[PDB]
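Below is structure_27.txt, which holds compact mmCIF, C-alpha atoms.
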# COMPACT_ATOMS: atom_id res chain seq x y z
CA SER M 1 -45.30 -32.99 22.31
CA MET M 2 -48.01 -32.25 19.76
CA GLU M 3 -50.11 -30.62 22.56
CA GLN M 4 -47.20 -28.15 23.23
CA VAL M 5 -47.00 -27.23 19.54
CA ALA M 6 -50.78 -26.61 19.42
CA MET M 7 -50.63 -24.27 22.41
CA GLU M 8 -47.75 -22.52 20.68
CA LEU M 9 -49.84 -22.18 17.48
CA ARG M 10 -52.63 -20.51 19.62
CA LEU M 11 -50.14 -18.16 21.43
CA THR M 12 -48.79 -17.23 17.99
CA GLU M 13 -52.25 -16.44 16.63
CA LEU M 14 -53.08 -14.45 19.74
CA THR M 15 -49.87 -12.53 19.24
CA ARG M 16 -50.92 -11.83 15.59
CA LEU M 17 -54.31 -10.43 16.67
CA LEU M 18 -52.72 -8.35 19.51
CA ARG M 19 -50.31 -6.72 17.05
CA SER M 20 -53.28 -5.55 14.96
CA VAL M 21 -54.99 -4.35 18.17
CA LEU M 22 -51.85 -2.50 19.31
CA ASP M 23 -51.43 -0.76 15.95
CA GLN M 24 -55.06 0.36 16.00
CA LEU M 25 -54.60 1.82 19.56
CA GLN M 26 -51.37 3.54 18.76
CA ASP M 27 -53.20 5.25 15.81
CA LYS M 28 -55.44 6.91 18.35
CA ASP M 29 -52.24 8.66 19.63
CA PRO M 30 -51.25 10.71 16.57
CA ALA M 31 -49.19 13.07 18.73
CA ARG M 32 -47.04 10.11 19.95
CA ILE M 33 -47.32 11.16 23.59
CA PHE M 34 -47.41 7.45 24.66
CA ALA M 35 -44.97 6.07 22.11
CA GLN M 36 -41.93 5.75 24.36
CA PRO M 37 -41.16 5.45 28.05
CA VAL M 38 -41.07 8.60 30.11
CA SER M 39 -37.46 9.86 30.21
CA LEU M 40 -35.86 9.70 33.66
CA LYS M 41 -33.23 12.12 32.38
CA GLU M 42 -36.09 14.62 31.61
CA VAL M 43 -38.41 13.66 34.56
CA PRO M 44 -35.97 12.41 37.20
CA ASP M 45 -38.64 12.14 39.99
CA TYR M 46 -41.04 10.02 37.87
CA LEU M 47 -40.56 6.75 39.71
CA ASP M 48 -41.38 8.45 43.04
CA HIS M 49 -44.83 8.99 41.47
CA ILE M 50 -45.38 6.06 39.15
CA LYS M 51 -44.55 2.54 40.25
CA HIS M 52 -45.16 0.69 36.98
CA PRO M 53 -44.51 2.89 33.92
CA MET M 54 -45.73 1.69 30.59
CA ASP M 55 -45.64 2.83 26.98
CA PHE M 56 -46.38 1.49 23.50
CA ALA M 57 -42.72 0.75 22.69
CA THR M 58 -42.43 -1.36 25.85
CA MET M 59 -45.71 -3.18 25.03
CA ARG M 60 -44.35 -3.90 21.55
CA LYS M 61 -41.07 -5.46 22.86
CA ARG M 62 -43.16 -7.73 25.10
CA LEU M 63 -45.62 -8.52 22.30
CA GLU M 64 -42.95 -9.73 19.87
CA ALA M 65 -41.46 -11.89 22.66
CA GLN M 66 -44.98 -13.46 22.78
CA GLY M 67 -45.05 -12.17 26.34
CA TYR M 68 -48.86 -11.76 26.44
CA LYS M 69 -50.58 -15.09 27.34
CA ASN M 70 -54.14 -13.56 26.99
CA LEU M 71 -56.03 -10.30 26.29
CA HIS M 72 -56.35 -9.41 29.99
CA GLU M 73 -52.61 -9.07 30.42
CA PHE M 74 -52.45 -6.80 27.34
CA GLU M 75 -55.35 -4.62 28.53
CA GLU M 76 -53.62 -4.24 31.96
CA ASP M 77 -50.62 -2.73 30.20
CA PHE M 78 -52.80 -0.47 28.05
CA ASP M 79 -54.64 0.73 31.13
CA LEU M 80 -51.30 1.48 32.88
CA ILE M 81 -50.40 3.85 30.07
CA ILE M 82 -53.63 5.73 30.54
CA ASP M 83 -53.86 5.53 34.28
CA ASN M 84 -50.24 6.59 34.87
CA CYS M 85 -50.75 9.61 32.70
CA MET M 86 -53.98 10.72 34.42
CA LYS M 87 -52.29 10.59 37.82
CA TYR M 88 -48.96 12.32 37.02
CA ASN M 89 -50.51 15.02 34.93
CA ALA M 90 -53.24 17.51 35.90
CA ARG M 91 -56.64 17.68 34.28
CA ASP M 92 -55.91 20.87 32.23
CA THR M 93 -52.83 19.52 30.42
CA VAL M 94 -52.31 18.22 26.91
CA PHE M 95 -51.00 14.93 28.36
CA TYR M 96 -54.07 14.17 30.51
CA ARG M 97 -56.39 15.25 27.70
CA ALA M 98 -54.56 12.89 25.28
CA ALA M 99 -55.00 9.98 27.70
CA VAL M 100 -58.71 10.62 28.02
CA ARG M 101 -59.07 10.53 24.25
CA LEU M 102 -57.02 7.37 23.87
CA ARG M 103 -59.06 5.63 26.58
CA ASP M 104 -62.36 6.54 24.88
CA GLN M 105 -61.12 5.67 21.38
CA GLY M 106 -59.37 2.55 22.62
CA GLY M 107 -62.49 1.12 24.35
CA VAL M 108 -64.20 0.61 20.99
CA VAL M 109 -61.24 -1.36 19.64
CA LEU M 110 -60.92 -3.41 22.84
CA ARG M 111 -64.67 -4.08 22.86
CA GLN M 112 -64.44 -5.91 19.51
CA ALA M 113 -61.07 -7.52 20.18
CA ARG M 114 -62.58 -9.27 23.30
CA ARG M 115 -65.26 -10.68 21.01
CA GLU M 116 -62.62 -11.98 18.45
CA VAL M 117 -60.53 -13.67 21.17
CA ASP M 118 -63.61 -15.47 22.63
CA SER M 119 -64.97 -16.18 19.12
CA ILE M 120 -61.70 -17.63 17.62
CA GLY M 121 -60.56 -19.19 20.96
Translate this file's structure into structure tokens.
Amino acid sequence: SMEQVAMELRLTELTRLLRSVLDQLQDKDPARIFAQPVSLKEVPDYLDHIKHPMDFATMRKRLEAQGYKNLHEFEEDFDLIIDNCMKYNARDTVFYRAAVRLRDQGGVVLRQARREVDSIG
């Protein structure tokens, strides 16, 4: 149907805007701490601690599969990255400190992105 195609044109434009958003957020991680999943070879106990791991590479694979139906879903994943890190790692570590910075720097980007999604439907 023509309705189905129209919905698909909106998903596609959402996906375009979320790719820009993602790139902007990943820039706030110049060290690339959050770029890839945590290695279970290097942190074998990780899943005893963290039930839903997330990372930018995993968000990207979902994104290009148009796996994000709205901005909420995408924010949930971005918050997992941050929230997982701040649980596993202690306050005085480079990892926790990098999460805090990403969260603060990300919130600006996500503040305007929520306006563009509402604005452009």
Could you give me, as a ChimeraX atom specification, the residues that have an atom at most 6 Å away from the point (-59.0, -9.6, 20.9) in the coordinates of the file, using only C-alpha atoms?
/M:113-114,116-117
Work out where the centre of an axis-aligned box around every listed atom of region 42-46 of chain M lies and how long its edges are once 6 Å is added on each side; give both in Å to one decimal as lines of an AutoDock Vina configuration file.
center_x = -38.5
center_y = 12.3
center_z = 35.8
size_x = 17.1
size_y = 16.6
size_z = 20.4
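Comparing the minimum interatomic distances between residue 104 (chain M) and each of M:71, M:90, M:40, M:25, counting only C-alpha atoms, we find that M:25 sits nearest.
With only C-alpha atoms as the atoms that count, the minimum distance from residue 10 (chain M) to the choices M:98, M:120, M:47, M:109 is reached by M:120.
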Within 12 Å of residue 24 (chain M), counting all atoms listed in the file, which residues qualify if same-chain residues fewer than 2 places away don't, as a PDB file with C-alpha atoms, in the frame of the given file?
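This went into out-v9.pdb:
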ATOM      1  CA  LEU M  17     -54.310 -10.430  16.670  1.00  0.00           C
ATOM      2  CA  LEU M  18     -52.720  -8.350  19.510  1.00  0.00           C
ATOM      3  CA  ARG M  19     -50.310  -6.720  17.050  1.00  0.00           C
ATOM      4  CA  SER M  20     -53.280  -5.550  14.960  1.00  0.00           C
ATOM      5  CA  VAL M  21     -54.990  -4.350  18.170  1.00  0.00           C
ATOM      6  CA  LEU M  22     -51.850  -2.500  19.310  1.00  0.00           C
ATOM      7  CA  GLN M  26     -51.370   3.540  18.760  1.00  0.00           C
ATOM      8  CA  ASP M  27     -53.200   5.250  15.810  1.00  0.00           C
ATOM      9  CA  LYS M  28     -55.440   6.910  18.350  1.00  0.00           C
ATOM     10  CA  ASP M  29     -52.240   8.660  19.630  1.00  0.00           C
ATOM     11  CA  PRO M  30     -51.250  10.710  16.570  1.00  0.00           C
ATOM     12  CA  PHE M  56     -46.380   1.490  23.500  1.00  0.00           C
ATOM     13  CA  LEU M 102     -57.020   7.370  23.870  1.00  0.00           C
ATOM     14  CA  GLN M 105     -61.120   5.670  21.380  1.00  0.00           C
ATOM     15  CA  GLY M 106     -59.370   2.550  22.620  1.00  0.00           C
ATOM     16  CA  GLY M 107     -62.490   1.120  24.350  1.00  0.00           C
ATOM     17  CA  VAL M 108     -64.200   0.610  20.990  1.00  0.00           C
ATOM     18  CA  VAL M 109     -61.240  -1.360  19.640  1.00  0.00           C
ATOM     19  CA  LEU M 110     -60.920  -3.410  22.840  1.00  0.00           C
ATOM     20  CA  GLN M 112     -64.440  -5.910  19.510  1.00  0.00           C
ATOM     21  CA  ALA M 113     -61.070  -7.520  20.180  1.00  0.00           C
TER      22      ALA M 113
END
Could you please give me, as a PyMOL selection string, the residues of protein, DNA or RNA lying at most 12 Å from (-46.7, -12.6, 25.6) in the coordinate frame of the file, considering all atoms listed in the file?
chain M and resi 8+10-19+59-74+77
Just C-alpha atoms for this one: save the residues we selected as a PDB file, keeping the file's coordinate frame.
ATOM      1  CA  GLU M   8     -47.750 -22.520  20.680  1.00  0.00           C
ATOM      2  CA  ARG M  10     -52.630 -20.510  19.620  1.00  0.00           C
ATOM      3  CA  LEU M  11     -50.140 -18.160  21.430  1.00  0.00           C
ATOM      4  CA  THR M  12     -48.790 -17.230  17.990  1.00  0.00           C
ATOM      5  CA  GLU M  13     -52.250 -16.440  16.630  1.00  0.00           C
ATOM      6  CA  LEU M  14     -53.080 -14.450  19.740  1.00  0.00           C
ATOM      7  CA  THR M  15     -49.870 -12.530  19.240  1.00  0.00           C
ATOM      8  CA  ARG M  16     -50.920 -11.830  15.590  1.00  0.00           C
ATOM      9  CA  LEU M  17     -54.310 -10.430  16.670  1.00  0.00           C
ATOM     10  CA  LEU M  18     -52.720  -8.350  19.510  1.00  0.00           C
ATOM     11  CA  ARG M  19     -50.310  -6.720  17.050  1.00  0.00           C
ATOM     12  CA  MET M  59     -45.710  -3.180  25.030  1.00  0.00           C
ATOM     13  CA  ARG M  60     -44.350  -3.900  21.550  1.00  0.00           C
ATOM     14  CA  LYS M  61     -41.070  -5.460  22.860  1.00  0.00           C
ATOM     15  CA  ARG M  62     -43.160  -7.730  25.100  1.00  0.00           C
ATOM     16  CA  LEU M  63     -45.620  -8.520  22.300  1.00  0.00           C
ATOM     17  CA  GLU M  64     -42.950  -9.730  19.870  1.00  0.00           C
ATOM     18  CA  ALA M  65     -41.460 -11.890  22.660  1.00  0.00           C
ATOM     19  CA  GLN M  66     -44.980 -13.460  22.780  1.00  0.00           C
ATOM     20  CA  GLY M  67     -45.050 -12.170  26.340  1.00  0.00           C
ATOM     21  CA  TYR M  68     -48.860 -11.760  26.440  1.00  0.00           C
ATOM     22  CA  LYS M  69     -50.580 -15.090  27.340  1.00  0.00           C
ATOM     23  CA  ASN M  70     -54.140 -13.560  26.990  1.00  0.00           C
ATOM     24  CA  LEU M  71     -56.030 -10.300  26.290  1.00  0.00           C
ATOM     25  CA  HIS M  72     -56.350  -9.410  29.990  1.00  0.00           C
ATOM     26  CA  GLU M  73     -52.610  -9.070  30.420  1.00  0.00           C
ATOM     27  CA  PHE M  74     -52.450  -6.800  27.340  1.00  0.00           C
ATOM     28  CA  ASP M  77     -50.620  -2.730  30.200  1.00  0.00           C
TER      29      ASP M  77
END
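With CA of residue 80 (chain M) on one side and CA of residue 53 (chain M) on the other, the separation reads 7.0 Å.
Pairwise distance (CA of residue 78 (chain M), CA of residue 99 (chain M)) equals 10.7 Å.
Between CA of residue 55 (chain M) and CA of residue 83 (chain M) the separation is 11.3 Å.
In terms of minimum interatomic distance to residue 76 (chain M), M:54 ranks closest within M:94, M:2, M:54, M:31, counting all atoms listed in the file.
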My list of candidates is M:75, M:50, M:121, M:57. Which is closest to residue 87 (chain M) when distances are computed with all atoms listed in the file?
M:50
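Distances from M:3, M:33, M:51, M:118 to residue 97 (chain M) were compared using only C-alpha atoms, and the smallest one belongs to M:33.
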Will you give me chain M, written with C-alpha atoms and laid out as a CSV table (one decimal), in the first residue's frame?
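Final file, selection_11.csv:
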chain,number,residue,atom,x,y,z
M,1,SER,CA,0.0,0.0,0.0
M,2,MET,CA,0.9,3.7,-0.4
M,3,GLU,CA,0.4,4.1,3.4
M,4,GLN,CA,3.1,1.4,4.0
M,5,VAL,CA,5.5,3.2,1.7
M,6,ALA,CA,4.9,6.6,3.5
M,7,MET,CA,5.6,5.0,6.9
M,8,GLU,CA,8.8,3.6,5.4
M,9,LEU,CA,9.7,7.0,4.1
M,10,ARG,CA,9.3,8.4,7.7
M,11,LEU,CA,11.3,5.5,9.2
M,12,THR,CA,14.0,6.2,6.6
M,13,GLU,CA,14.2,9.9,7.5
M,14,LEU,CA,14.3,9.1,11.2
M,15,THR,CA,17.1,6.7,10.5
M,16,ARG,CA,18.9,9.6,8.6
M,17,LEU,CA,18.6,12.0,11.6
M,18,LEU,CA,19.6,9.3,14.1
M,19,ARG,CA,22.8,8.6,12.2
M,20,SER,CA,23.8,12.3,12.5
M,21,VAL,CA,22.9,12.1,16.2
M,22,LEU,CA,24.9,9.0,16.7
M,23,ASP,CA,28.0,10.5,15.0
M,24,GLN,CA,27.7,13.6,17.1
M,25,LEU,CA,27.6,11.5,20.3
M,26,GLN,CA,30.4,9.2,19.3
M,27,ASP,CA,32.5,12.4,18.8
M,28,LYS,CA,32.1,13.1,22.5
M,29,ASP,CA,34.1,9.8,23.0
M,30,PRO,CA,37.5,10.7,21.5
M,31,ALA,CA,39.2,8.0,23.5
M,32,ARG,CA,36.9,5.3,21.9
M,33,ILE,CA,36.1,3.7,25.3
M,34,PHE,CA,32.5,3.0,24.1
M,35,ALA,CA,33.2,2.2,20.5
M,36,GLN,CA,32.9,-1.6,20.7
M,37,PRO,CA,31.3,-4.2,23.0
M,38,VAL,CA,33.1,-5.1,26.2
M,39,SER,CA,35.3,-8.2,25.4
M,40,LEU,CA,34.2,-11.4,27.2
M,41,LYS,CA,37.6,-12.8,26.5
M,42,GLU,CA,39.2,-9.8,28.4
M,43,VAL,CA,36.4,-9.4,31.0
M,44,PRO,CA,34.9,-12.9,31.3
M,45,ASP,CA,32.7,-12.1,34.3
M,46,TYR,CA,31.0,-9.1,32.6
M,47,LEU,CA,27.6,-10.7,32.1
M,48,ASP,CA,27.4,-11.6,35.8
M,49,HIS,CA,27.4,-7.8,36.3
M,50,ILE,CA,25.7,-6.3,33.3
M,51,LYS,CA,22.6,-7.8,31.9
M,52,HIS,CA,22.2,-5.7,28.7
M,53,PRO,CA,25.6,-4.5,27.4
M,54,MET,CA,25.6,-1.8,24.8
M,55,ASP,CA,28.1,0.0,22.7
M,56,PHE,CA,28.3,2.4,19.7
M,57,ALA,CA,29.2,-0.4,17.2
M,58,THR,CA,26.1,-2.4,18.3
M,59,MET,CA,23.9,0.7,18.0
M,60,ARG,CA,25.2,1.3,14.5
M,61,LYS,CA,24.4,-2.2,13.3
M,62,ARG,CA,20.8,-1.7,14.6
M,63,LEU,CA,20.6,1.8,13.2
M,64,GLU,CA,21.4,0.7,9.6
M,65,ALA,CA,18.9,-2.2,9.9
M,66,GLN,CA,16.4,0.7,10.6
M,67,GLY,CA,15.9,-1.0,14.0
M,68,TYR,CA,15.0,2.2,15.8
M,69,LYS,CA,11.3,3.0,15.4
M,70,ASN,CA,11.6,6.3,17.5
M,71,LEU,CA,14.0,8.4,19.4
M,72,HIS,CA,13.1,6.9,22.8
M,73,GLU,CA,14.4,3.5,21.7
M,74,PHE,CA,17.7,5.1,20.6
M,75,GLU,CA,18.1,7.0,23.8
M,76,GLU,CA,17.5,3.8,25.9
M,77,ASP,CA,20.5,2.3,24.1
M,78,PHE,CA,22.6,5.4,24.7
M,79,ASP,CA,21.7,5.4,28.3
M,80,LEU,CA,22.7,1.7,28.6
M,81,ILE,CA,26.1,2.5,27.5
M,82,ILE,CA,26.5,5.2,30.1
M,83,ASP,CA,24.6,3.4,32.9
M,84,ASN,CA,26.5,0.1,32.4
M,85,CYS,CA,29.8,1.8,32.6
M,86,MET,CA,28.9,3.8,35.8
M,87,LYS,CA,27.9,0.5,37.5
M,88,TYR,CA,30.8,-1.8,36.5
M,89,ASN,CA,33.5,0.8,37.0
M,90,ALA,CA,34.3,2.8,40.2
M,91,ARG,CA,34.0,6.5,40.5
M,92,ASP,CA,37.8,7.1,40.4
M,93,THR,CA,38.4,5.4,37.1
M,94,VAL,CA,39.0,6.7,33.6
M,95,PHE,CA,36.0,4.6,32.3
M,96,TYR,CA,33.5,6.1,34.8
M,97,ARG,CA,34.9,9.6,34.2
M,98,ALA,CA,34.5,9.1,30.4
M,99,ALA,CA,30.9,8.1,30.9
M,100,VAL,CA,30.1,11.1,33.0
M,101,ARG,CA,31.5,13.4,30.3
M,102,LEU,CA,29.7,11.6,27.5
M,103,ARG,CA,26.4,11.8,29.4
M,104,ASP,CA,26.8,15.6,30.0
M,105,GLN,CA,28.0,16.3,26.4
M,106,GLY,CA,25.4,14.0,24.9
M,107,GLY,CA,22.4,15.7,26.8
M,108,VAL,CA,22.9,18.8,24.7
M,109,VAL,CA,22.7,16.9,21.4
M,110,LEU,CA,19.7,14.8,22.6
M,111,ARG,CA,18.0,18.0,23.8
M,112,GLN,CA,17.9,19.4,20.2
M,113,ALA,CA,17.4,16.1,18.5
M,114,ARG,CA,14.1,15.6,20.5
M,115,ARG,CA,13.0,19.0,19.1
M,116,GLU,CA,13.8,18.0,15.5
M,117,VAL,CA,11.9,14.7,15.7
M,118,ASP,CA,8.8,16.5,17.1
M,119,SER,CA,9.2,19.4,14.7
M,120,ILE,CA,9.7,17.3,11.5
M,121,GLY,CA,7.3,14.5,12.6
